[PDB]
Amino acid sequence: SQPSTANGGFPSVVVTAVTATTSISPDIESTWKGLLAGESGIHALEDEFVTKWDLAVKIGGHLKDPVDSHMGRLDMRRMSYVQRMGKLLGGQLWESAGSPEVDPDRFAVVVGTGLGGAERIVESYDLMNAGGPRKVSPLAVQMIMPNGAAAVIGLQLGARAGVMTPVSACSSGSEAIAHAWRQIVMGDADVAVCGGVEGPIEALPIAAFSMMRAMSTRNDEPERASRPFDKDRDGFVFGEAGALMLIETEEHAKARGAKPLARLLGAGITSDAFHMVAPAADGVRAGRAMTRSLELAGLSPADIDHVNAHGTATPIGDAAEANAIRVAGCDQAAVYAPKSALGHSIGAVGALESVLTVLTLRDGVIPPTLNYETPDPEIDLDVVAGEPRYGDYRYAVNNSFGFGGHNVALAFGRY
């Protein structure tokens, strides 16, 4: 028999703590209460660099509580922003998990980003123009690196069973959590800290994605811009975030008296080999990843109650995902596109949305997909809209796809 979670071939893995900072709240429990009240993180961009560059996009959500508010001049000298966000979230996640003393040699860290410390390279380059190679920080390598954040958290928490950084543009945060899962079921660790961090809303990425025609420009009503699955959607809206979760074996969780929030049952990674930035319209490979996660969970499509959609709000993006969900045999599920309230955060967002899936399972509730007012004839999904939807959600799949054609599906269970 092929090994699976449900058949006992893989060990039971549970999520036992979660932390996130978003454009609604620095607290995750508060982000959840806000979503269920239909708040939006997205507003008009105040940043003077909008009128400076005369940008087509004039909306997005900054974190409600800026990372650097929790950062002194020391932290500022040795870390990139994404490292700074890493330290913050690590610190908080441990604190919430009752600050346990684990075995360092059974402890992994997996954290993705879209980009890592890119601000720091202009910085090191400008310093060297001004005053030479000696004006460049010894420190620079380890701010500079894309494994920077994972390194910082691993060091800070004392993780000795591997510190990994997968990168896959928009799905990095889910991929991280998949690999942490792989790392645990393969015997390599008993506990893992996983997720994604990502930097703030800057001019350049706005310009780059704008030029793709990927970005909403409904500037007249910022909260109404992000319309995943809606007939009238016009692209994605940026929304700052970072999210980590603590996953451990059920044995281990039971052993230290920690009530699980949910179970992580399986994970599927596949790729499109279609196009450098656009998803395969047929949605076959993305659907395949949904299947893989079920194969490994030990589940059939009939068990999936809820799908936390990637839902970026682009015309082709959502059409593709819709096809994928059919292909996976999952269109009879209640769908949520959190990106309609929280926007899109590249490396972090997959992780944040995995946190949301877990909360959905714990609380038996799906927040409304905001701005869902006209069903797309071509989509035909059961998209949760209007108010929150309470329901008997036993199993859920979190989708995460990213430019390059990268597909990550995480299958989760109610505990």
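The numbering used is simple: start at 1 and walk along the sequence shown.
Relative to its counterpart among 116 to 124 and 280 to 288, 116 to 124 has the higher mean temperature factor, C-alpha atoms as listed in the PDB entry.
As recorded in the PDB entry, 95 to 103 is the stretch of 149 to 157 and 95 to 103 with the greater mean C-alpha temperature factor. Looking at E248, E223, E240, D318, the one whose CA carries the top B-factor in the deposited record is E223. Set against one another, the Cα B-factors of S354, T374, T369, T360 in the record reach their highest point at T374. When the modelled residues of the chain are ordered by their C-alpha B factor, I379 lands in the highest third. Per the PDB record, residue ranking by Cα B-factor puts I346 in the lowest third of the chain. When the modelled residues of the chain are ordered by C-alpha B-factor, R134 sits in the highest third.
The entry lists a Cα temperature factor for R84 that places it in the middle third of the chain's modelled residues. Per the PDB record, residue ranking by Cα B-factor puts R73 in the highest third of the chain.
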